[PDB]
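Form deposited in one PDB entry, single chain, as structure tokens, below.
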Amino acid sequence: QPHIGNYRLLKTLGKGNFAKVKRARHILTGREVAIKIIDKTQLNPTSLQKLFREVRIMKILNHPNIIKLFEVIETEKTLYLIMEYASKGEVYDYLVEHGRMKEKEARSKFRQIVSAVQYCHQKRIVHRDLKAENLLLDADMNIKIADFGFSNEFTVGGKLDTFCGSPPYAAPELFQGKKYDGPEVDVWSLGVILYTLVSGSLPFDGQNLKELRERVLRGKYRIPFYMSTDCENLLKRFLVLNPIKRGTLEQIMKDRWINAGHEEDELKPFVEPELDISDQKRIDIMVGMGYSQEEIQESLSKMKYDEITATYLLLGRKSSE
């Protein structure tokens, strides 16, 4: 069975553009991972430098509902990004199989989604292509957002991608030729996401791009009879045609619907904790693998994304049968 570094490569999860993503297993710890594989020989110098800038963004996104990077392996021809594996797959497929979520379930996921996106907006990182296909689910049904920081050509793509993203989630200012790079475009996409979680369907659709474009620009969508008033009111804060009249995520975190059942636990911007790099239990395990204590401290304190960092972080995740 093919390997790369400390990883046994397993089945392909997806493939498209310049990327493939495979399930794999870290041999030293037994932990499952996902590996994004990019054939560098397909890239020109400009696109190669763009890819490396986007990897450097991935390196600093550390949120429980954002797919985490564990290791970078680079050969002359190929870049490998070893990432968290979300074992329950795409929200897209989950909604197709099971239908709409009850509002209690949708709220749990949406609090995670909003926290993850607001955290990246703090660092002035805009996703620009949030969609059901890159909202993933871990073994406990927690959200893990994929491809935050990456341009479309370095993702395997979703089914309907056109103009570098999924058209049903594209903000109206993109169809009018307007600026397309600030947090407001993600806020629109989040409104489309909330609607799809609670209804099982998209608010704006069409048989072709021209029809969908006109539906998005008109901004009108159906409110299902079963949707609560508070959910409808929350959607009104995302799905606003004029971008500067949209809520910011920090304001939306105070919304009644998003905090229902969380009256003593109001949603607030994520505060990243400092990484404990001194866990002697894991350090002793790694010494047993032949790593030295001094090289563990060097790799973790400089956050190198080498085989030592990956092993330490993976030992901090629960195993799975």
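Position 1 is the first residue in the sequence shown; the rest follow in order. Heads up, when I say rigid core I mean the largest set of C-alphas that superpose within 1.5 Å between the two forms.
Quick note: we don't show the form deposited in another entry, though the next part is all about it.
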Have a look at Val192, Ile82, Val117, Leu130 and give me the residue whose C-alpha moves 2 Å or more between the shown form and the other one, with the fit done on the rigid core. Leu130
Against the rigid core, is the Cα displacement of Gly158 between the shown form and the other one at least 2 Å? yes
Does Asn233 move appreciably between the shown form and the other one, meaning a CA displacement of 2 Å or more on the superposed rigid core? no
Threshold 2 Å Cα movement between the shown form and the other one for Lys104, core superposed: no
Shift in CA distance, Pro203 and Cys164, in the other form relative to the form shown here, given it is 3 Å or more: closer
Please say whether the CA atoms of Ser108 and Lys159 come closer or move farther apart in the other form, knowing the change relative to this form is 3 Å or more. farther
